[PDB]
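Read the structure below first, then the notes.
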Amino acid sequence: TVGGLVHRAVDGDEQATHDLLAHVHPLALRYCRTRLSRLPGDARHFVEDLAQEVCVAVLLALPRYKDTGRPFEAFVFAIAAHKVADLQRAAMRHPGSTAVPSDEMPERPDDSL
Amino acid sequence: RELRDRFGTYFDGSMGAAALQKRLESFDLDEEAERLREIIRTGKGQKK
Amino acid sequence: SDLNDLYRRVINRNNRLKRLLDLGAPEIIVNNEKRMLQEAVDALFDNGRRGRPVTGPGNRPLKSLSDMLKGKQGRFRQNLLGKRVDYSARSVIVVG
DNA sequence: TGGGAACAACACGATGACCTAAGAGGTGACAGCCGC
DNA sequence: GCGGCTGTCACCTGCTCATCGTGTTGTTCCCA
């Protein structure tokens, strides 16, 4: 059960941390995929990059994860939503950097002739 | 994990390109070329 | 340039790996990050060899450092053998 | 220069949980992997 | 150990643009 895993992890058991994060990571991957797939832009190519961040967040939340009856799945799916929202924040702000080499090379000439 | 717990200290293992780096560093080519010359001198079919 | 995007990916994953190493994260997380860094450098050098390509703004694939050398439009076959030139003109042709 | 307000930074982590559609190439050359 | 076949690597070809999850801090502005 996840409860004993989180208890031993907040206690500081390295094996418990390993086994619990081995379960967190697939959940983070799946959530990041199912969110970022439908969003605009190239966010789809950051799914895994977000999952690792989500895991990192969990890795730094266990030392002070004061349980309140909330399943750890809820904790992970709140962190994943927050990370997805932060990626959206970074994307929607000034979305001008278009990685198109068909305008910088062919259409943009050198300023000094 | 079972092997490392049981009979560690005799073998060294790794994952990824670190293992390849260790092999390419330790592995020497003279002896490999020697055996390859031996087998090509006396070889049959696809193996040669 | 797409190279900027690929360099950003590799630097992102390298820095995240360095963080994970500093925190002493479990084996699984560090392994996943190292695999991702490997795939990122692979996309930097050749986007299409393994797996799906890393698309850029649209669905089209990004440009790898080795994709800038090969092909019809590569460096060799578009800029070193055949060049646009100065002191040149053109127009329709009529019979005198 | 006072308050009134806009962006860039941050720190956390809202009792609930899985993609998305697009998608008809063709022809060589070959070295593996699987079958005898 | 040596075949099929089975993929995998080469070549040939070409202007629009959709948001979060809350809450806070500090600078940098806008008005007066």
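Identifiers in this document derive from the order of the structure tokens: chains are assigned A, B, ..., residues are numbered from 1 separately in each chain, and ligands are numbered from 1 in order of occurrence.
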Compute the set of chain A residues within 9 Å of chain D, using only C-alpha atoms (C1' of nucleotides), and express it as a ChimeraX atom specification.
/A:30-31,33-34,37-38,57,61,69-71,73-82
Once you count only C-alpha atoms (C1' of nucleotides), which residues of chain E turn out to be within 7 Å of chain A? Could you give them as a count of residues only?
4
Neighbours of chain B in chain E at 12 Å, counting only C-alpha atoms (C1' of nucleotides), as a ChimeraX atom specification
/E:1-3
Output of the above residues as a short mmCIF file (atom, residue, chain, number, x, y, z; two decimals), in the first residue's frame, restricted to C-alpha atoms (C1' of nucleotides):
```cif
data_model
loop_
_atom_site.label_atom_id
_atom_site.label_comp_id
_atom_site.auth_asym_id
_atom_site.auth_seq_id
_atom_site.Cartn_x
_atom_site.Cartn_y
_atom_site.Cartn_z
"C1'" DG E 1 26.53 -23.21 -39.26
"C1'" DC E 2 23.94 -21.38 -43.41
"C1'" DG E 3 19.45 -20.00 -45.84
#
```
Do you know which residues are at most 12 Å from residue 32 (chain D) counting only C-alpha atoms (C1' of nucleotides), after dropping those on the same chain fewer than 4 positions away, and could you put them as a PDB file with N, CA and C atoms (P, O5', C5', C4', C3', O3' and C1' of nucleotides), in the first residue's frame?
```pdb
ATOM      1  N   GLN B  46      29.641 -17.321 -43.027  1.00  0.00           N
ATOM      2  CA  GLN B  46      29.276 -15.989 -42.551  1.00  0.00           C
ATOM      3  C   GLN B  46      30.231 -15.493 -41.472  1.00  0.00           C
TER       4      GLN B  46
ATOM      5  P    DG E   4      17.879 -19.150 -49.781  1.00  0.00           P
ATOM      6  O5'  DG E   4      16.534 -19.027 -48.916  1.00  0.00           O
ATOM      7  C5'  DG E   4      15.814 -17.799 -48.869  1.00  0.00           C
ATOM      8  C4'  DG E   4      14.680 -17.871 -47.857  1.00  0.00           C
ATOM      9  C3'  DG E   4      13.701 -16.713 -47.900  1.00  0.00           C
ATOM     10  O3'  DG E   4      12.430 -17.099 -47.364  1.00  0.00           O
ATOM     11  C1'  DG E   4      15.026 -16.539 -45.948  1.00  0.00           C
ATOM     12  P    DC E   5      11.131 -16.179 -47.594  1.00  0.00           P
ATOM     13  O5'  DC E   5      11.326 -14.951 -46.584  1.00  0.00           O
ATOM     14  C5'  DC E   5      10.967 -15.081 -45.206  1.00  0.00           C
ATOM     15  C4'  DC E   5      11.057 -13.742 -44.487  1.00  0.00           C
ATOM     16  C3'  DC E   5      10.467 -12.554 -45.256  1.00  0.00           C
ATOM     17  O3'  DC E   5       9.948 -11.537 -44.379  1.00  0.00           O
ATOM     18  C1'  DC E   5      12.734 -12.166 -44.905  1.00  0.00           C
ATOM     19  P    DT E   6       8.685 -11.764 -43.398  1.00  0.00           P
ATOM     20  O5'  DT E   6       9.232 -11.178 -42.021  1.00  0.00           O
ATOM     21  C5'  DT E   6      10.650 -11.145 -41.767  1.00  0.00           C
ATOM     22  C4'  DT E   6      11.102  -9.750 -41.401  1.00  0.00           C
ATOM     23  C3'  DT E   6      10.249  -8.622 -41.981  1.00  0.00           C
ATOM     24  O3'  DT E   6      10.199  -7.518 -41.069  1.00  0.00           O
ATOM     25  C1'  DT E   6      12.449  -8.346 -42.694  1.00  0.00           C
ATOM     26  P    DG E   7       8.814  -6.757 -40.791  1.00  0.00           P
ATOM     27  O5'  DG E   7       9.208  -5.682 -39.669  1.00  0.00           O
ATOM     28  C5'  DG E   7       9.754  -4.410 -40.036  1.00  0.00           C
ATOM     29  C4'  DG E   7      11.271  -4.408 -39.947  1.00  0.00           C
ATOM     30  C3'  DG E   7      11.905  -3.014 -39.990  1.00  0.00           C
ATOM     31  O3'  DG E   7      12.583  -2.739 -38.770  1.00  0.00           O
ATOM     32  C1'  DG E   7      13.015  -4.521 -41.493  1.00  0.00           C
ATOM     33  P    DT E   8      12.693  -1.234 -38.221  1.00  0.00           P
ATOM     34  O5'  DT E   8      13.996  -0.664 -38.946  1.00  0.00           O
ATOM     35  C5'  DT E   8      15.265  -1.237 -38.667  1.00  0.00           C
ATOM     36  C4'  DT E   8      16.345  -0.618 -39.533  1.00  0.00           C
ATOM     37  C3'  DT E   8      16.196   0.890 -39.763  1.00  0.00           C
ATOM     38  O3'  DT E   8      17.439   1.552 -39.544  1.00  0.00           O
ATOM     39  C1'  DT E   8      16.409  -0.225 -41.835  1.00  0.00           C
TER      40       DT E   8
END
```
Please measure the separation of CA of residue 6 (chain C) and CA of residue 64 (chain C), giving the value in Å to one decimal.
8.0 Å
With only C-alpha atoms (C1' of nucleotides) counted and 12 Å as the cut-off, give the residues of chain C in contact with chain E, each with its shortest interatomic distance in Å and the pair that gives it, as CSV.
```
residue,atom,partner,partner_atom,distance
C:48,CA,E:9,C1',11.8
C:49,CA,E:9,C1',9.7
C:50,CA,E:8,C1',11.1
C:57,CA,E:17,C1',10.9
C:58,CA,E:17,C1',10.7
C:70,CA,E:10,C1',11.6
C:71,CA,E:11,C1',9.6
C:72,CA,E:13,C1',9.9
C:73,CA,E:13,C1',11.9
```
At most 9 Å is the cut-off: for each residue in chain C with any atom that close to an atom of chain B, write down the nearest atom pair and the distance in Å rounded to one decimal, counting only C-alpha atoms, chain first then increasing number, as a Markdown table.
```
| residue | atom | partner | partner_atom | distance |
| --- | --- | --- | --- | --- |
| C:31 | CA | B:15 | CA | 8.5 |
| C:34 | CA | B:16 | CA | 8.2 |
| C:35 | CA | B:16 | CA | 7.8 |
| C:38 | CA | B:17 | CA | 8.8 |
```
Mind dumping the selected residues with C-alpha atoms as a compact mmCIF listing (two decimals), in the first residue's frame?
```
# COMPACT_ATOMS: atom_id res chain seq x y z
CA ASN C 31 18.23 6.96 -14.76
CA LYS C 34 20.15 10.41 -17.97
CA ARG C 35 18.15 8.58 -20.64
CA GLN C 38 20.95 10.93 -24.08
```
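Counting only C-alpha atoms, the residue from A:11, A:104, A:111, A:67 that sits nearest to chain C is A:104.
Reported to one decimal place, the separation of CA of residue 40 (chain C) from CA of residue 18 (chain A) is 24.8 Å.
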Determine which residues of chain A sit within 8 Å of chain C, taking into account only C-alpha atoms, and present them as a VMD selection string.
chain A and resid 14 17 to 18 21 to 22 25 41 to 42 45 49 52 55 to 56 59 98 to 101 104
Restricting the output to C-alpha atoms, write the selected residues as a PDB file, in the first residue's frame.
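Wrote part-v1.pdb, looks like this:
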```
ATOM      1  CA  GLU A  14      15.816   5.316   0.952  1.00  0.00           C
ATOM      2  CA  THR A  17      11.616   6.620  -1.398  1.00  0.00           C
ATOM      3  CA  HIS A  18      12.850   4.596  -4.375  1.00  0.00           C
ATOM      4  CA  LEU A  21       8.935   7.389  -6.704  1.00  0.00           C
ATOM      5  CA  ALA A  22       8.979   4.390  -9.051  1.00  0.00           C
ATOM      6  CA  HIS A  25       6.865   8.669 -12.102  1.00  0.00           C
ATOM      7  CA  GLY A  41       2.279  24.838 -29.232  1.00  0.00           C
ATOM      8  CA  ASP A  42       5.118  22.348 -28.882  1.00  0.00           C
ATOM      9  CA  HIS A  45       7.653  17.486 -26.407  1.00  0.00           C
ATOM     10  CA  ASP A  49      10.544  16.908 -18.937  1.00  0.00           C
ATOM     11  CA  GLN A  52      10.814  14.547 -13.871  1.00  0.00           C
ATOM     12  CA  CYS A  55       8.967  13.803  -9.255  1.00  0.00           C
ATOM     13  CA  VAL A  56      11.586  16.301  -8.098  1.00  0.00           C
ATOM     14  CA  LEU A  59      11.343  14.368  -3.743  1.00  0.00           C
ATOM     15  CA  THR A  98       9.005  30.904 -33.812  1.00  0.00           C
ATOM     16  CA  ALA A  99      11.709  28.319 -34.560  1.00  0.00           C
ATOM     17  CA  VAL A 100      11.393  28.674 -38.335  1.00  0.00           C
ATOM     18  CA  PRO A 101      14.753  28.571 -40.196  1.00  0.00           C
ATOM     19  CA  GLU A 104      15.983  33.898 -40.530  1.00  0.00           C
TER      20      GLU A 104
END
```
From a backbone DSSP assignment, name each residue in region 16-64 of chain C labelled alpha helix (DSSP H), as a ChimeraX atom specification.
/C:16-23,27-45
Would you pick out the contacts of residue 10 (chain D) at 12 Å or less, using only C-alpha atoms (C1' of nucleotides), so that residues sharing its chain but fewer than 3 positions from it are not included, and give the list as an mmCIF file with N, CA and C atoms (P, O5', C5', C4', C3', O3' and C1' of nucleotides), in the first residue's frame?
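Resulting contents of out_1.cif:
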```cif
data_model
loop_
_atom_site.group_PDB
_atom_site.id
_atom_site.type_symbol
_atom_site.label_atom_id
_atom_site.label_comp_id
_atom_site.auth_asym_id
_atom_site.auth_seq_id
_atom_site.Cartn_x
_atom_site.Cartn_y
_atom_site.Cartn_z
ATOM 1 P P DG E 23 -6.721 32.662 -3.872
ATOM 2 O "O5'" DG E 23 -5.337 33.214 -3.300
ATOM 3 C "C5'" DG E 23 -4.624 32.458 -2.337
ATOM 4 C "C4'" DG E 23 -3.218 32.997 -2.149
ATOM 5 C "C3'" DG E 23 -3.118 34.526 -2.056
ATOM 6 O "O3'" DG E 23 -2.700 34.922 -0.754
ATOM 7 C "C1'" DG E 23 -1.413 33.594 -3.457
ATOM 8 P P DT E 24 -2.543 36.479 -0.390
ATOM 9 O "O5'" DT E 24 -0.979 36.753 -0.575
ATOM 10 C "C5'" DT E 24 -0.037 35.898 0.054
ATOM 11 C "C4'" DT E 24 1.379 36.234 -0.377
ATOM 12 C "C3'" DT E 24 1.745 37.721 -0.284
ATOM 13 O "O3'" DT E 24 2.916 37.900 0.507
ATOM 14 C "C1'" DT E 24 2.359 36.837 -2.394
ATOM 15 P P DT E 25 3.478 39.374 0.807
ATOM 16 O "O5'" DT E 25 4.710 39.527 -0.201
ATOM 17 C "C5'" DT E 25 5.779 38.593 -0.156
ATOM 18 C "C4'" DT E 25 6.946 39.054 -1.012
ATOM 19 C "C3'" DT E 25 7.311 40.527 -0.868
ATOM 20 O "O3'" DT E 25 8.722 40.691 -0.977
ATOM 21 C "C1'" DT E 25 6.684 40.111 -3.099
ATOM 22 P P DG E 26 9.468 41.926 -0.275
ATOM 23 O "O5'" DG E 26 10.056 42.755 -1.507
ATOM 24 C "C5'" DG E 26 10.981 42.140 -2.396
ATOM 25 C "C4'" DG E 26 10.985 42.831 -3.748
ATOM 26 C "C3'" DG E 26 11.009 44.362 -3.688
ATOM 27 O "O3'" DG E 26 12.262 44.845 -4.175
ATOM 28 C "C1'" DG E 26 9.419 43.549 -5.307
#
```
